[PDB]
Every structure is written in structure tokens, then in C-alpha cells.
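S.K.: Experimental coordinates for this protein are included below, preceded by the sequence.
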Amino acid sequence: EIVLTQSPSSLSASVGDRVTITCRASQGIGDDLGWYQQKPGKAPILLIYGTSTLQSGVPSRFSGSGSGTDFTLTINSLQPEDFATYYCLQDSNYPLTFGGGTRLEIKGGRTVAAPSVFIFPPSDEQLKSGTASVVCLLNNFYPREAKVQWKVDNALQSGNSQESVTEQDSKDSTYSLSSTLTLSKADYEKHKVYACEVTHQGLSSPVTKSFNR
Amino acid sequence: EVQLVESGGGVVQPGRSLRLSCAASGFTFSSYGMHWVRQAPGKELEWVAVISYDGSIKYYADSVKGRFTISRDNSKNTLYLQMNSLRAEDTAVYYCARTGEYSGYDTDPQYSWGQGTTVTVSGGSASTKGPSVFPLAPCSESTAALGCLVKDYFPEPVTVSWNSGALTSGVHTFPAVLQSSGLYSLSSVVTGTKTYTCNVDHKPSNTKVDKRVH
């Protein structure tokens, strides 16, 4: 299929700046390129089709150019409603293929956020199959760098836990992490307290959520 | 009147061979380069073989190089594809077509190819495992958190909704992790008064589990 490479990937700007976004195609696509705008919780909206023809209702500050391979979207004097995600779309060849997208975001928006920490004990259903999983969730934090230490009876755990992180949220631009401590039921029985210690720059000192078996 | 009818598909054990045929009519068959196209489950169209109008040149995809052989008889209006050492990735619906990958068409060319012929390589279910769904609730307003643990399934993927798709705000469905056993595990969480039920869908095992979290 035809691959469209957008540049840049992200762009932090302020109200009133001039912004240019490029889209390069793997092969010639003629005038069959359009620019789309996507806001959080909504589908991409067509802004410009035919490389340069503005859709009815699109403000004059939006403009497009290029022909063949290299294409450019230009937003002169950004408005508060222009901050969204922008995609280039080709309908020259089947299948229709989008670009990677360009996130145009406010500059004063990536504020530090402390993670809300929650700890989940293993369910009674899982215990009757020989295994026991303890889950610790770090919800809505920025930046992405966080430390999750597993403690059981104040003993540090290692090599028996797995982490997974969500990508940057589209609405609040925060991160979320989940850690799973996997033990056998016999080893889960020989211990009482189960704690999850979280180190993040939004906290004054590590936050520990724990429970008793 | 233009017609291209595929035949020869069926079930075949891995490592063994199978031959597909294509009958052509309604056009000057010896004046068109012929292709074999296929579509595997969850994947887009894949052009695996091409033979020139006269049969001199034969190009193959790297996916099938050294295992597949395309040929044609311009006196019988027939096209053939000899598939040897068949693997699980060869399980797909196979089409006989005149248009290549770089044809330039803006419309789905598969729409003009009919049903094609189906090749099913057996054994694509021995490693399939269905998931087990476990609740996630803290040990004793909108400040709490619940979730579901989707554990011990294979292969990918698993998708999760909440309250039959009615709940959307606050849901975080984490990418699945790979366990030491070779099976996958996924966690989905939500951050009240209403009930909370996760709906887990694992199509490789045709698993649909509704698990309410208490």
C-alpha cells in the first residue's frame, strides 16, 4: 500500500503561531491528497481536499499545497480551536491510507500530575487454580517515568512482576501504568502484608498502598 | 462475459503440497499477465505470484519464494499455482486476477474476483488457549477503581469493553503482557452507583466472557 510519512510528529505551539505540516508519499498520488482534523473523542473531519481546496466552512487561515509526492498543510495564526490532531489522506490507490498524524498541542499543558495509586488483591476465583496475581495501578500521571516496587512483609520483590503502560492520553495527556505481581498460592499463603510503593516526581515522597491477606 | 473461476482449495496438512487452478474466459487470455492474490484472516491483500503474458517471467513474493510455483497454459486458458511445504501463514482465500499490487486502482479489486478458492492448513488451533477473566476490586464518589484481569490466552489479540460499550470515560485498557509460559495477559481498569461489567472478546478461541466486578 501507499505509505504517507508526516512531519513533524508533534508540535507544541501557542495561539497565533504559523505552523506547517508535511506529508510525503511512497509514490506519486497526484492531487488525490486531503488533510483531516481530529479532536479527542471525535472522528477525523475533512478540512482540505484536492491538496488545496478548502471544505465549505473551513477558515481561510487553513491552506494546502504540493502536487505528486510532497504535500504541505499551513495554519496561519493558530486559534484555540485549531489545537488537535491532523492527518493527511490519499485516495489515489486502494486502499485508502492515512498519515501517522501530527499532534498540535498547547505549550502550557504538560503540567506535572501525581499518580493515583490503587492495589488489587487476587480474586478468590484465581486462588483455586494454583496462582495468585496482585495488581497495582498508577492512574493519570505525568511525566511517564515512574517507579513501582513490590514489597511483601517488607521484603523487596523482583523478577516476579510485569508492567504495562498506556500511551499518552488524548484528552488530558497523562499516562497510566499497571504492575502485576504473580505468585503461587502456596507462596501467597506464607505472607501477610502486600504493598506497592510508587515513586513519581509529582509526589513529595513515595506513596505506598497495601493490604493484608 | 469476463470470468476467472478458481478451484483446487481445501484442507492440507502442513509440509504437504496443493495445486490450485484458474479457468479464464471472456478475454484474450494470452494477452494478460496473470496473478495469484490471497487474503489471510486479519491481513490485507497479498500478491504472492505473477507470470507474464507469454509465461517467460515469474516473480514471487518473499512470503512464498522457493515453495510456490505459478504456471499457465495459453492453449487451455488455465492458470496454476503449485504450493509446496505449506505453512500456517498460507491459510488464506486465494484469488485469480489480472491486476497487480501496483495497478493504480482506487477501488477494491477483490470485488471483481468472486469467492476465489479457500486453502486451510490444519493445525492452526493446537496452541490456541481461551482466557480466564478475574475481577479487580480494592480490599475494602468518583475516586475508586475497578478492573478485570484477562489471563492465560493465546494468541493475540484480546479486546475489552465495559457495560456492553456504554462505559467509555475513565477506561484504561493496557497492552497485553507476555508471560513466562508463552501465554498473554491483559489488564483493563476503570476509574460510584452503577454496576460494572467487563466484556472480554477473544476471537481466536471464540471466547466472549461477561464478568461483573463486585
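M.R.: Happy to help now that I have it. Numbers count the residues shown, from 1 in each chain, chains lettered A, B, ... in the order given.

S.K.: Run through the residues that contact the residue positioned nearest the centre of chain B.
M.R.: Nearest to the mean C-alpha position of chain B, counting by C-alpha atoms, centre = their mean, stands residue B:41 at 1.5 Å. By C-beta atoms under 8 Å, 6 or more residues apart in numbering or on different chains, residue B:41 lies in contact with B:91-92. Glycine gets a C-beta too; all of them are placed from N, C-alpha and C.

S.K.: Doesn't it lie inside a helix?
M.R.: No. Under DSSP: H, G, I helix; E, B strand; the rest coil, residue B:41 sits outside any helix and is assigned coil.

S.K.: Check the spacing between it and chain A real quick.
M.R.: From residue B:41 over to chain A the distance is 17 Å, taken as C-beta to the nearest C-beta, to the nearest Å.

S.K.: ok, residue B:181 - how many residues close by?
M.R.: 10 (other C-beta atoms under 10 Å in any protein chain shown).

S.K.: Please apply the same query to the one 3 residues further on.
M.R.: Residue B:184 has 22 neighbouring residues, counting by other C-beta under 10 Å.

S.K.: Same check on residue B:203?
M.R.: Residue B:203: 12 neighbours (other C-beta under 10 Å).

S.K.: Torsion angles phi and psi at it?
M.R.: The phi and psi values for residue B:203, taken as degrees, to the nearest 10, are phi -70, psi -40.

S.K.: who does residue B:58 bridge with?
M.R.: residue B:51 (DSSP bridges).

S.K.: actually residue B:186, not the one I wrote
M.R.: Note on residue B:186: beta-bridge partners by DSSP bridges are residue B:150.

S.K.: before we move on, which element is the residue nearest the centre of chain A in?
M.R.: Closest residue to the average C-alpha location of chain A: residue A:168 at 2.5 Å, with C-alpha atoms, centre = their mean. Counting by DSSP states H and E, there is no helix or strand that carries residue A:168.

S.K.: who does the closest residue to it other than its chain neighbours bridge with?
M.R.: The spatially closest residue to residue A:168, leaving aside those adjacent along the chain, is residue A:175, at 6.3 Å (C-beta to C-beta, 6 or more residues apart in numbering or on different chains). Per DSSP bridges, the residues bridged to residue A:175 are residue A:141.

S.K.: picking that back up, which residues does the residue nearest to the centre of chain A contact?
M.R.: Residue A:168 neighbours (C-beta under 8 Å, 6+ apart): A:144, A:174-175.

S.K.: Please parse chain B into its domains.
M.R.: The record, using curated CATH domains to delimit domains, assigns chain B the ranges B:1-123, B:124-214.

S.K.: export the ones you listed to CSV and tack on distance to residue A:98?
M.R.: Formatted as CSV, these follow (distance: least, C-beta to C-beta, whole Å):
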stretch, distance to residue A:98
domain B:1-123, 14
domain B:124-214, 21
